[PDB]
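Chains as they are written, first to last, in PDB author numbering: chain 9, 14 to 135; chain V, 16 to 216; chain i, 32 to 128; chain Y, 65 to 240; chain U, 2 to 114, 133 to 146; chain 2, 47 to 92.
No residue lacks a Cβ here, since even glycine has one placed at the ideal position from N, Cα and C.
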Amino acid sequence: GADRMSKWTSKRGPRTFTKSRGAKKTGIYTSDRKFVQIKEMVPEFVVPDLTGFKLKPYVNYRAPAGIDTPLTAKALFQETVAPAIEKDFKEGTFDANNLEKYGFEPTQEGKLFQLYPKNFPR
Amino acid sequence: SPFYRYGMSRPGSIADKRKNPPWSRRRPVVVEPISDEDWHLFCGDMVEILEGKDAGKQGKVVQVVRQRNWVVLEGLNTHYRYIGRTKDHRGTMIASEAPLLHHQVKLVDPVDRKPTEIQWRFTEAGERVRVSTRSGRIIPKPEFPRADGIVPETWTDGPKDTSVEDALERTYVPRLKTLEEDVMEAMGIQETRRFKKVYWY
Amino acid sequence: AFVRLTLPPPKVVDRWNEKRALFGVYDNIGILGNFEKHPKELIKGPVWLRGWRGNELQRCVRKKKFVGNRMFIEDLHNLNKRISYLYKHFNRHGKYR
Amino acid sequence: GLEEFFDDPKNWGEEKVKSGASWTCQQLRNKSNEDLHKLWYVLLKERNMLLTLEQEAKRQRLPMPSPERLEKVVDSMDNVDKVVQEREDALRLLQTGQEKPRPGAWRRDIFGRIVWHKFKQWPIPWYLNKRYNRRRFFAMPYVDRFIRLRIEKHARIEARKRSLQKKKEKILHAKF
Amino acid sequence: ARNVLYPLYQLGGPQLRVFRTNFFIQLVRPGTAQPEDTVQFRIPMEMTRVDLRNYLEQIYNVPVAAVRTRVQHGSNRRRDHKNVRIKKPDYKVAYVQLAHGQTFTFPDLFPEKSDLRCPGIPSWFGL
Amino acid sequence: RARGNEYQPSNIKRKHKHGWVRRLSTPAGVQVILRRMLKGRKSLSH
RNA sequence: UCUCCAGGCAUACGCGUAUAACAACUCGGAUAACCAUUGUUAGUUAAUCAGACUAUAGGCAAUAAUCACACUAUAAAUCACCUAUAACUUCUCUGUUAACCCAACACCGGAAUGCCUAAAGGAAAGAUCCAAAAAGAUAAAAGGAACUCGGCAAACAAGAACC
RNA sequence: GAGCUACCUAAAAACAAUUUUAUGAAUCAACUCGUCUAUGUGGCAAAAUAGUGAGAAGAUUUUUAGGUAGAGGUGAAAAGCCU
RNA sequence: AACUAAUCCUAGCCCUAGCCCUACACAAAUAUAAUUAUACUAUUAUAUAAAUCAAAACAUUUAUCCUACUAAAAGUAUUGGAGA
Ligand SMILES: [Mg+2]
Ligand SMILES: [Mg+2]
Ligand SMILES: [Mg+2]
Ligand SMILES: [Mg+2]
Ligand SMILES: [Mg+2]
Ligand SMILES: [Mg+2]
Ligand SMILES: [Mg+2]
Ligand SMILES: [Mg+2]
Ligand SMILES: [Mg+2]
Ligand SMILES: [Mg+2]
Ligand SMILES: [Mg+2]
Ligand SMILES: [Mg+2]
Ligand SMILES: [Mg+2]
Ligand SMILES: [Mg+2]
Ligand SMILES: [Mg+2]
Ligand SMILES: [Mg+2]
Ligand SMILES: [Mg+2]
Ligand SMILES: [Mg+2]
Ligand SMILES: [Mg+2]
Ligand SMILES: [Mg+2]
Ligand SMILES: [Mg+2]
Ligand SMILES: [Mg+2]
Ligand SMILES: [Mg+2]
Ligand SMILES: [Mg+2]
Ligand SMILES: [Mg+2]
Ligand SMILES: [Mg+2]
Ligand SMILES: [Mg+2]
Ligand SMILES: [Mg+2]
């Protein structure tokens, strides 16, 4: 006579059955049955100063919208990296080994913000 | 849903909810397919009624239901109905338009009003322009007021609307940095600790 | 019994469309063509019954030979069961022995 | 303060509230990262006030004034989110060449299907993790029959669909 | 943030910072009678009471003294025209008590502010 | 005695006897799941 | 306010919004009133009640319980403490409503433990009439098993003996 | 398919008052069972209700979780029981 | 002199022909009592198909089931309680 179709949650079942509703953990449980919160595990909101800011939620109807051009890897490379290499190549002071000079990173290890595997949230 | 029927009233309106309930299973309406490129009638145009009770007259197009191949003409193909009826009051008689199919009207040459067939063609820029087969001329795209009722030119900014000049200001400087990295630098936050190794699998 | 209360819409048949006009052409391909082609080769239909005829038991067994190895599991299970039913009817039942 | 969870006191009780257009993606692209970070919170506080008003209208059983305001804000926040994502996506390609931020693989499950598996973060390597080892990424031979049955079932659905389209065209050509 | 991965933390790791927030809340009028300091909120199911404290103090500059939360079961009793149950979503309610003796009360939104003797004959006729 | 009441409900028993982990424990139970997937059942297990 | 009746309040297991207000009067309650029905809005707040809760390696145990004293008995009977190693200030998450569960039903049925026995919880008669037959209770002159397969059932009896 | 029932494993629980003694003793509640009669028979109930009866510190009764599966299991043997 | 009813046409489907496939579906969650962000405790189909049934019972035996190009040689040579 049990309901097979409704979702299985902790409001159901006996006392000893418990599970989470999706909130992230913020601490650890030791022996002696004591909870110990960790400060670094609690998310911190980075809020900017909004004094003197000119932008608002809405825009005027008379503002012309622009043709859509999604950014691509090619476009970013040309705007930022291409000019410096071109000047150095003309001078002849360019080599493959020193690509790091132009901003290339060999590996993501050591960086606080790693691009793969991502180690930070939105 | 396959059993949805498109009608005069706007989709999502109170009347539309009443006519198309979830449990309605009426026969489909058979509609000839017309390509998006080939469609050549737009709101604000002037057309001529080839046949019907009001055959021979000309009017302005006020609505277009693409799904049904419908074109609605102001003050034509008309019948009479009371509006605002209540339990006591009769209401006020008005004249109601009825939709006409696309093949039942023809576009009118602007220079001298007369039915004309048209062909799409490319200009120097390649933007498509309607061209009349007879007495070749370009029929310009008409201008129609926005449905929502907004008039851009007369629009006046409110307290929470950004000015046009502010909206178009360009402040982006391309660089190989994430949004997270930039914000920390500007705000002055300093962190030196690093995550221990984690195994992904 | 209940009957229609209105006449059904009329049926209009075109007797001179292309399919009807040219029916029969090339049925004499052999005799008038030096016998390079047999008229049976002009037939369109299932692979296992082009230019052939048989009773239901024969049709079932012939279908299995031609396309039995390219069939779906459940369709083949039903075909095999039909064969055995027809085998027992035609070989064990009937008025005449 | 809490007063920011409500509209300007003057507007309370009004039937309409004038509002502008929502931000388009192209306009946002011109702005810098720092500007976008601030713009996010400006939109966020507008969103909370609109959600607050919507619930209160239901409690009092009245129409919500100018409901189209909510849709504009939600659209704007979506465009901000993708614009930031586009910049990150391009930068990741240049530095690593990977098309996804999260590691994964193509694997076969115990039912005979091919699925993309997203990895998780662990403190220890896989060969020492006894909870992970109980998970099976292979199919045994009794599954082969069901693989064929799935393929045939999918074949029947496709045949019926194409047949129906051909019959519908016959009706259209007759009518027109 | 919701629907995102958090970096795993181990001894000696950095602080966890979310620069753009995915949580949206709404202020609700109490159904019952509550003390003057208390306020009610509807919050996403993934939010903790700790998160609500930081959310209000930093985004809205509001001092908070205590927080309590509960999960409300949504009804799954109504059926559609095919006799299939309709589920009202479960949601989370938060009670916040202000600090420093400050007081709050829900504002008053929506403050408001023919001729009997000749029956049946049209009067149009002048004859 | 009066019959008709043989179902004495218990969630721990129900999940252990007919649950997801129980079905996957043996090859016969895995084939139970495959049949219900091919039929299209909305409920594969308790 | 009056007349009468006498298993109630909590926890466990189970159930899953049946909970509360307003509005409806179609369907549901085997009839009305009223809702247990329909729609809309609301609700159950815990470092103490309840659940989950990962430092490591060694060394070692003769003597029940029952008011545990006396006292025997027989069925022979609930981690601690030490030795070294390591760490060196903490509150998040989940349960909490109800006239409720298993029996096709608002079923005279079945359902564990603690406290208590009316201070808690309830209503046998829709209106009227006073026939036969049927069911249940109480009273009966004189007689006292003559009844019946049989003292079955009932009794102001509830006792004795033998195979 | 052992959430009913048969038997077993582990962890738990209940037994007033009175007479005997020192107990598968006695009287008799709770609780467990079901002798006899009437009512009921599409019943309140696919085995009940009303009375009347047997045991009630033990081979006692009860709760929670686990085990044995059909050529089989379980059985103080009724060819009983296994939704 | 009308109640209960009755009239309707298209939603889709069926059998062939043709052709391999490359469909493997935002974020997040799930093998734990699935759909619960992190260690405890390891993980693994199957020895020959049988019987009903026909032989008017039944015991050796019983087409297809247990697939290998169409048409013919041919229901021929052969096998069989030499019988089905
Ligand atoms: Mg049942
Ligand atoms: Mg109620
Ligand atoms: Mg009412
Ligand atoms: Mg209700
Ligand atoms: Mg709580
Ligand atoms: Mg506690
Ligand atoms: Mg543990
Ligand atoms: Mg309670
Ligand atoms: Mg019953
Ligand atoms: Mg009944
Ligand atoms: Mg009382
Ligand atoms: Mg009476
Ligand atoms: Mg008497
Ligand atoms: Mg007498
Ligand atoms: Mg006698
Ligand atoms: Mg006699
Ligand atoms: Mg007697
Ligand atoms: Mg059992
Ligand atoms: Mg039991
Ligand atoms: Mg006693
Ligand atoms: Mg018994
Ligand atoms: Mg006795
Ligand atoms: Mg006794
Ligand atoms: Mg005794
Ligand atoms: Mg015997
Ligand atoms: Mg016998
Ligand atoms: Mg049975
Ligand atoms: Mg035989």
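Residue i versus residue j - alpha carbon distance
i                           : j                        : result
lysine 88 (chain 2)         : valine 207 (chain Y)     : 21 Å
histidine 101 (chain Y)     : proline 167 (chain Y)    : 28 Å
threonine 33 (chain U)      : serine 50 (chain V)      : 60 Å
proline 108 (chain U)       : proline 127 (chain Y)    : 18 Å
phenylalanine 210 (chain Y) : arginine 82 (chain 2)    : 11 Å
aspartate 62 (chain 9)      : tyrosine 61 (chain U)    : 12 Å
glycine 74 (chain V)        : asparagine 112 (chain Y) : 48 Å
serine 19 (chain 9)         : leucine 90 (chain 2)     : 13 Å
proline 15 (chain U)        : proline 8 (chain U)      : 10 Å
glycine 79 (chain 9)        : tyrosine 21 (chain V)    : 34 Å
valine 40 (chain U)         : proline 36 (chain V)     : 41 Å
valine 76 (chain 2)         : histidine 181 (chain Y)  : 21 Å
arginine 42 (chain V)       : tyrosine 19 (chain V)    : 10 Å
CA nearest to the CA of residue i, picked from the options
i                        : options                                                                : result
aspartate 124 (chain V)  : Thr107 (chain V), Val146 (chain V), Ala113 (chain V), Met199 (chain V) : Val146 (chain V)
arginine 151 (chain Y)   : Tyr42 (chain 9), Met18 (chain 9), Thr85 (chain 9), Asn110 (chain 9)    : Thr85 (chain 9)
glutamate 132 (chain V)  : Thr138 (chain V), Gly141 (chain V), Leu91 (chain V), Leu122 (chain V)  : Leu122 (chain V)
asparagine 51 (chain 2)  : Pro83 (chain 9), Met18 (chain 9), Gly14 (chain 9), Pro130 (chain 9)    : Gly14 (chain 9)
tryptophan 104 (chain Y) : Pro134 (chain 9), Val60 (chain 9), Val55 (chain 9)                     : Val60 (chain 9)
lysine 68 (chain V)      : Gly90 (chain V), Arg81 (chain V), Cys58 (chain V)                      : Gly90 (chain V)
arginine 34 (chain 9)    : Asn4 (chain U), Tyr56 (chain U), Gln98 (chain U)                       : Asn4 (chain U)
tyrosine 196 (chain Y)   : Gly99 (chain V), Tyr187 (chain V), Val120 (chain V), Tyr216 (chain V)  : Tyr216 (chain V)
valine 78 (chain i)      : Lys68 (chain i), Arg93 (chain i), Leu88 (chain i)                      : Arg93 (chain i)
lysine 93 (chain U)      : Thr106 (chain U), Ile87 (chain U), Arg71 (chain U), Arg21 (chain U)    : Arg71 (chain U)
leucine 114 (chain Y)    : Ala203 (chain Y), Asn94 (chain Y), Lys136 (chain Y)                    : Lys136 (chain Y)
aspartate 38 (chain U)   : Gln59 (chain U), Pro138 (chain U), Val97 (chain U), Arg78 (chain U)    : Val97 (chain U)
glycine 61 (chain i)     : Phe54 (chain i), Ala52 (chain i), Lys71 (chain i), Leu53 (chain i)     : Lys71 (chain i)
Buried versus exposed, by CB contacts within 10 Å (16 or more), residue i
i                        : result
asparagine 73 (chain 9)  : buried
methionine 141 (chain Y) : buried
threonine 193 (chain V)  : buried
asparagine 86 (chain i)  : exposed
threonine 49 (chain U)   : buried
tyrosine 10 (chain U)    : buried
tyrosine 71 (chain 9)    : buried
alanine 70 (chain V)     : exposed
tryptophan 87 (chain Y)  : buried
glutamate 47 (chain V)   : exposed
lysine 114 (chain 9)     : exposed
Per DSSP, the bridge partner or partners of residue i
i                           : result
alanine 169 (chain Y)       : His181 (chain Y)
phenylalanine 117 (chain 9) : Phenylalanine 117 (chain 9) pairs with nothing; no bridge assigned.
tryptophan 186 (chain Y)    : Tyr214 (chain V)
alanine 85 (chain Y)        : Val72 (chain 9)
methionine 61 (chain V)     : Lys75 (chain V)
Please list the residues of the segment 63-90 of chain U that have a C-beta atom closer than 9 Å to any C-beta atom in chain Y, keeping them in chain order. Against chain Y - using a Cβ distance shorter than 9 Å - the residues of the segment 63-90 of chain U are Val63.
Any C-beta of chain 9 within less than 7 Å: which residues of the segment 100-111 of chain Y qualify? Along the segment 100-111 of chain Y, going in chain order, the ones with a CB nearer than 7 Å to a CB of chain 9 are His101, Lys102, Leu103, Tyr105, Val106, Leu107, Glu110.
Contacting positions in the segment 5-27 of chain U - beta carbon closer than 9 Å to chain V: So the close ones are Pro8, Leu9, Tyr10, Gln11, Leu12, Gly13, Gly14, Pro15, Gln16, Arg18, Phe20, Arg21.
Chain U contacts from the segment 79-94 of chain 9 (Cβ-Cβ distance under 8 Å): Residues: none.
Please identify, using Cβ separations under 7 Å, the residues of the segment 188-221 of chain Y that lie next to chain i, in order along the chain. For chain i, the residues of the segment 188-221 of chain Y that bring a beta carbon within less than 7 Å of one of its beta carbons are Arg212, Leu213, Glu216, in chain order.
Could you please tell me which residues of the segment 61-87 of chain 2, in chain order, have their CB closer than 8 Å to any CB of chain Y? Only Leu70, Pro73, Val76, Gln77, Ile79, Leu80, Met83, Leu84 from the segment 61-87 of chain 2 bring a Cβ to less than 8 Å from some Cβ of chain Y.
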